[PDB]
Amino acid sequence: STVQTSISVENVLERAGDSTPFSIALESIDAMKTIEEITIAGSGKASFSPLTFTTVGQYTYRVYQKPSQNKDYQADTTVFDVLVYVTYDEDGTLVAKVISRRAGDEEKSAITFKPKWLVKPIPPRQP
Numbered sequence: 003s004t005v006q007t008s009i010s011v012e013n014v015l016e017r018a019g020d021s022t023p024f025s026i027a028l029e030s031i032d033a034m035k036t037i038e039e040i041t042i043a044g045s046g047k048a049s050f051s052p053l054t055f056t057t058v059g060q061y062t063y064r065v066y067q068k069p070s071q072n073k074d075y076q077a078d079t080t081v082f083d084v085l086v087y088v089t090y091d092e093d094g095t096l097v098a099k100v101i102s103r104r105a106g107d108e109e110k111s112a113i114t115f116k117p118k119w120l121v122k123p124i125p126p127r128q129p
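Structural data, given as structure tokens:
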């Protein structure tokens with residue numbers, strides 16, 4: 003009748019104790035609209051609000067990190083595809099199967115963002 007699933011996101015900062023916030027957007031490819039945005043302060047995990055499904059099908063989403071409001075950081079530009087396979091099983095109950103992968107290479111991967119600290123040594127031009 004109904005199935006639910008949550009999408010979890012991880013943010014990894016290089017400097018421990020840095021609590022710089024970053025925003026993660028979940029957008030529906032089927033609906034062509036932004037579903038939800040969450041925030042992670044520093045390094046941590048978070049989840050979007052659960053998604054309900056009542057009909058079999060394959061549902062497509064994208065997850066990406068919004069640009070960094072702290073000009074000292076560069077947000078992770080990796081984009082993730084999330085596919086939800088809503089099916090029935092032997093007992094006749096609605097079941098969801100969530101697969102995340104990187105939108106480029108398309109290998110299975112957890113949704114992990116690693117924004118870049120910009121206060122780094124300048125790439126030199128030697129003598």
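So in the authors' numbering the end of the sequence shown lands on 129, straight run, no missing numbers. Heads up, the beta-carbon is just placed ideally off N, CA and C, and yes, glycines get one too.
Contacting residues, own chain, Cβ-Cβ under 8 Å from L96 (five flanking each side not counted): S3, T4, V5, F55, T56, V58, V88, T89, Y90.
For a quick check, are the C-beta atoms of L28 and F50 less than 8 Å apart? Here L28 is near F50, since their CB atoms are less than 8 Å apart.
Between the alpha carbons of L53 and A98, how many angstroms are there, rounded? Counting only the Cα atoms, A98 lies some 10 Å from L53.
Based on the DSSP output, what are the partners of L85 in its beta bridges? According to DSSP, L85 bridges with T62, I101.
Between the segment 32 to 43 and the segment 74 to 84, are three or more C-beta pairs nearer than 8 Å? Contact between the segment 32 to 43 and the segment 74 to 84 is absent, because fewer than three Cβ pairs lie under 8 Å.
Could you tell me the boundaries of the beta strand (DSSP E) in which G46 lies? Per DSSP, the continuous beta strand (DSSP E) segment holding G46 begins and ends at 46 to 49.
Near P69, what residues of its chain come up, given a Cβ to Cβ distance below 7 Å and the 5 sequence neighbours on each side ignored? Within the same chain, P69 has close Cβ partners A77.
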